[PDB]
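Data file: query_20.txt. Format and content: compact mmCIF, C-alpha atoms (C1' of nucleotides).
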# COMPACT_ATOMS: atom_id res chain seq x y z
CA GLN L 536 53.00 -66.86 -22.14
CA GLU L 537 53.23 -63.17 -20.87
CA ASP L 538 54.77 -61.23 -23.85
CA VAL L 539 54.10 -57.51 -24.39
CA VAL L 540 51.00 -57.33 -26.61
CA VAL L 541 49.03 -54.42 -28.07
CA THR L 542 45.24 -54.19 -27.94
CA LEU L 543 42.86 -51.60 -29.34
CA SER L 544 39.09 -51.09 -29.50
CA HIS L 545 37.38 -48.75 -31.97
CA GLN L 546 33.88 -47.43 -32.53
CA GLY L 547 31.71 -50.36 -33.60
CA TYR L 548 33.27 -53.84 -33.80
CA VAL L 549 37.02 -53.98 -33.05
CA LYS L 550 38.91 -55.90 -30.35
CA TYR L 551 42.00 -56.56 -32.47
CA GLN L 552 45.22 -57.62 -30.70
CA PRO L 553 48.61 -57.68 -32.49
CA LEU L 554 51.95 -58.63 -31.01
CA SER L 555 54.25 -55.82 -29.94
CA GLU L 556 57.42 -56.94 -31.74
CA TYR L 557 56.09 -56.31 -35.27
CA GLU L 558 56.60 -52.53 -34.88
CA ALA L 559 60.17 -51.21 -34.67
CA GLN L 560 61.77 -48.09 -33.22
CA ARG L 561 61.65 -44.78 -35.08
CA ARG L 562 62.98 -41.27 -34.59
CA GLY L 563 60.54 -38.59 -33.52
CA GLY L 564 60.01 -36.58 -36.69
CA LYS L 565 58.91 -39.13 -39.32
CA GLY L 566 56.21 -41.44 -37.93
CA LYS L 567 53.46 -42.58 -40.34
CA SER L 568 54.11 -46.32 -40.02
CA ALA L 569 50.72 -47.13 -41.61
CA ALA L 570 49.50 -49.99 -39.47
CA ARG L 571 47.03 -52.34 -41.15
CA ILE L 572 43.82 -52.07 -39.11
CA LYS L 573 40.84 -51.90 -41.46
CA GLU L 574 38.11 -49.47 -40.39
CA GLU L 575 34.99 -48.55 -42.39
CA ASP L 576 33.96 -44.99 -41.49
CA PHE L 577 34.49 -45.38 -37.72
CA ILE L 578 36.92 -43.77 -35.26
CA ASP L 579 39.54 -45.39 -33.04
CA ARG L 580 39.11 -44.94 -29.29
CA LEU L 581 41.62 -46.97 -27.25
CA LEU L 582 45.09 -48.49 -27.34
CA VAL L 583 46.65 -50.55 -24.52
CA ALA L 584 50.11 -52.07 -24.04
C1' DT O 1 -55.42 -132.73 -24.73
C1' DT O 2 -55.68 -127.80 -24.93
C1' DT O 3 -54.33 -123.63 -23.16
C1' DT O 4 -51.48 -119.98 -20.24
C1' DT O 5 -46.95 -117.43 -18.13
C1' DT O 6 -42.20 -116.12 -18.62
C1' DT O 7 -37.33 -115.83 -20.70
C1' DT O 8 -33.94 -114.20 -24.07
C1' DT O 9 -31.70 -112.79 -28.89
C1' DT O 10 -33.02 -110.98 -32.62
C1' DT O 11 -35.98 -107.25 -36.54
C1' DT O 12 -32.41 -104.26 -34.76
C1' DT O 13 -31.41 -98.16 -35.86
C1' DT O 14 -29.78 -94.10 -33.13
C1' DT O 15 -26.52 -91.80 -29.48
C1' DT O 16 -21.97 -91.66 -27.66
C1' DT O 17 -17.27 -92.43 -28.05
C1' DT O 18 -13.15 -93.71 -30.39
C1' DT O 19 -10.09 -94.07 -34.26
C1' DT O 20 -8.02 -92.33 -38.54
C1' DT O 21 -7.21 -88.80 -42.32
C1' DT O 22 -5.87 -83.87 -42.30
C1' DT O 23 -2.92 -79.29 -42.96
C1' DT O 24 -0.84 -73.46 -39.52
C1' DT O 25 3.12 -72.23 -37.02
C1' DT O 26 8.32 -71.95 -35.17
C1' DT O 27 12.58 -74.53 -35.91
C1' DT O 28 16.06 -76.60 -39.66
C1' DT O 29 18.72 -76.46 -43.74
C1' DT O 30 21.08 -75.15 -48.66
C1' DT O 31 22.10 -71.07 -51.26
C1' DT O 32 24.35 -66.48 -52.29
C1' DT O 33 26.61 -62.69 -50.42
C1' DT O 34 29.88 -60.30 -47.77
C1' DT O 35 34.32 -60.38 -44.16
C1' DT O 36 39.29 -62.48 -43.73
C1' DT O 37 44.41 -64.10 -45.25
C1' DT O 38 48.65 -64.92 -48.48
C1' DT O 39 51.71 -63.87 -52.61
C1' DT O 40 54.06 -60.14 -57.02
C1' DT O 41 55.84 -56.16 -57.97
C1' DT O 42 55.36 -51.82 -58.28
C1' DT O 43 55.99 -47.05 -58.56
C1' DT O 44 56.00 -45.38 -54.66
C1' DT O 45 56.91 -44.47 -49.92
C1' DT O 46 59.98 -44.04 -46.43
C1' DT O 47 64.84 -44.45 -43.22
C1' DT O 48 69.25 -42.17 -42.57
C1' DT O 49 73.93 -38.39 -43.15
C1' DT O 50 75.27 -33.12 -43.96
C1' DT O 51 74.06 -27.81 -44.24
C1' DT O 52 71.28 -24.12 -43.04
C1' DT O 53 68.47 -19.76 -41.17
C1' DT O 54 65.13 -19.85 -37.84
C1' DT O 55 61.80 -18.75 -33.50
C1' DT O 56 60.91 -19.99 -28.77
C1' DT O 57 63.16 -20.25 -23.84
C1' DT O 58 65.56 -18.32 -20.54
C1' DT O 59 68.74 -13.15 -17.70
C1' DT O 60 65.06 -9.46 -15.23
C1' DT O 61 60.61 -6.96 -13.60
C1' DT O 62 55.16 -6.06 -13.49
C1' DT O 63 50.31 -6.98 -11.90
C1' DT O 64 45.40 -9.25 -11.28
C1' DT O 65 42.20 -12.78 -11.27
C1' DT O 66 42.42 -17.11 -10.09
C1' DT O 67 44.05 -18.81 -5.38
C1' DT O 68 43.22 -17.67 -0.53
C1' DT O 69 39.21 -18.04 2.81
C1' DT O 70 34.62 -19.21 6.53
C1' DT O 71 30.33 -20.65 6.78
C1' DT O 72 24.73 -22.14 5.63
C1' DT O 73 22.24 -25.49 4.11
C1' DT O 74 21.37 -28.13 1.03
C1' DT O 75 21.43 -33.60 -0.91
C1' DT O 76 24.11 -36.99 -2.16
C1' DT O 77 25.53 -40.63 0.75
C1' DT O 78 24.74 -44.38 3.83
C1' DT O 79 21.75 -47.63 6.42
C1' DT O 80 17.91 -51.11 6.69
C1' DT O 81 14.82 -53.88 4.36
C1' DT O 82 13.06 -56.63 0.67
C1' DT O 83 12.92 -58.52 -4.29
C1' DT O 84 15.49 -60.59 -8.54
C1' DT O 85 18.92 -62.66 -10.42
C1' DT O 86 23.05 -65.61 -10.37
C1' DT O 87 25.39 -69.65 -8.99
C1' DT O 88 26.29 -74.14 -6.82
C1' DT O 89 24.78 -78.92 -3.64
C1' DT O 90 21.43 -82.29 -4.33
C1' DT O 91 18.53 -85.38 -6.72
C1' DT O 92 16.85 -87.88 -10.63
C1' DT O 93 17.26 -90.18 -14.98
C1' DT O 94 19.69 -92.47 -18.77
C1' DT O 95 23.64 -95.05 -21.09
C1' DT O 96 27.44 -98.50 -21.45
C1' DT O 97 29.86 -102.61 -19.99
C1' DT O 98 29.10 -108.80 -20.33
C1' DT O 99 26.35 -113.24 -19.81
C1' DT O 100 21.28 -114.53 -19.68
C1' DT O 101 15.61 -114.65 -20.95
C1' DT O 102 12.59 -113.71 -24.98
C1' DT O 103 11.27 -112.56 -29.77
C1' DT O 104 10.46 -109.74 -35.06
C1' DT O 105 11.17 -108.82 -40.39
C1' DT O 106 12.43 -107.80 -46.35
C1' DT O 107 13.19 -110.20 -50.86
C1' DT O 108 13.70 -114.64 -55.30
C1' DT O 109 11.61 -118.64 -57.84
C1' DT O 110 6.54 -121.22 -60.07
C1' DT O 111 1.82 -122.29 -60.10
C1' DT O 112 -2.86 -121.89 -58.58
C1' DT O 113 -6.51 -119.52 -56.39
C1' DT O 114 -9.25 -115.22 -54.72
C1' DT O 115 -10.43 -110.26 -55.33
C1' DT O 116 -10.79 -105.89 -57.64
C1' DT O 117 -11.32 -102.93 -62.07
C1' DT O 118 -12.54 -102.43 -67.36
structure tokens encoding of this file:
Amino acid sequence: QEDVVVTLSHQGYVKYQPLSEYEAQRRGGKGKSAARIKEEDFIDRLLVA
DNA sequence: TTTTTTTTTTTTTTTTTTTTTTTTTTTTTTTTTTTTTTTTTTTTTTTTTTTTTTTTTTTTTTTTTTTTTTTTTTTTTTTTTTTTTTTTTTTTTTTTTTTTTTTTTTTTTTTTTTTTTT
């Protein structure tokens, strides 16, 4: 269907795409949700919603 | 009755070609090795009320160096042409359906003879 989905591409080999509803609201001041996106000595570049 | 001409398949063995046994190179295939996903629990991390002293924005004014500015001549932009690649009509070939025409092979069992090896 059309459902809001996240996508991100990193340096090297990443085109991972999780669903948007897994992450919940937070108050600005805490952050650090620690998403689970394994990366071996590369750098993230892009996120899209 | 003797004697003379010609014709071919064999003594043929050698040249040419064909057939049949061979083994280098790019395309398969089984193994080990490294990327993925789901649970336990676990100290550990992390979400949310209360108080607090803070440190940056908004009253007001100042200037100067980036915002005004006009103009010459470049040079990226656009035009035409042609080549290279992509992609889709067109054609060809092959396979399956069900009644017809044709064929071809592998082994037991015993007993006797050829046909090679020692």
Discussion item. At a cut-off of 12 Å, using only C-alpha atoms (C1' of nucleotides), what residues contact residue 569 of chain L? Leave out same-chain residues fewer than 6 positions from it and give the result as a VMD selection string.
Written reply: (chain L and resid 558) or (chain O and resid 45 to 46)
Neighbours of chain O in chain L at 10 Å, counting all atoms listed in the file, as a count of residues only:
6
I'd like the contact shell of residue 571 of chain L - 12 Å cut-off, all atoms listed in the file, skipping same-chain residues fewer than 5 positions apart - returned as JSON, numbers by chain. {"L": [551, 552, 553, 557, 558]}
Please dump the current selection as a JSON list (two decimals), keeping the file's coordinate frame; keep C-alpha atoms.
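Output below, filename part-v5.json:
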[["chain", "number", "residue", "atom", "x", "y", "z"],
["L", 551, "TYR", "CA", 42.00, -56.56, -32.47],
["L", 552, "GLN", "CA", 45.22, -57.62, -30.70],
["L", 553, "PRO", "CA", 48.61, -57.68, -32.49],
["L", 557, "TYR", "CA", 56.09, -56.31, -35.27],
["L", 558, "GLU", "CA", 56.60, -52.53, -34.88]]
### Message
Rounded to one decimal, what separation in Å do you get between atom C1' of residue 35 of chain O and atom CA of residue 542 of chain L?
### Response
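Straight-line distance from atom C1' of residue 35 of chain O to atom CA of residue 542 of chain L works out to 20.5 Å.
Our summary of the geometry notes that atom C1' of residue 116 of chain O is positioned 23.6 Å from atom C1' of residue 20 of chain O.
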Atom CA of residue 550 of chain L and atom CA of residue 572 of chain L, how far apart in Å?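 Answer for the atom CA of residue 572 of chain L to atom CA of residue 550 of chain L separation: 10.7 Å.
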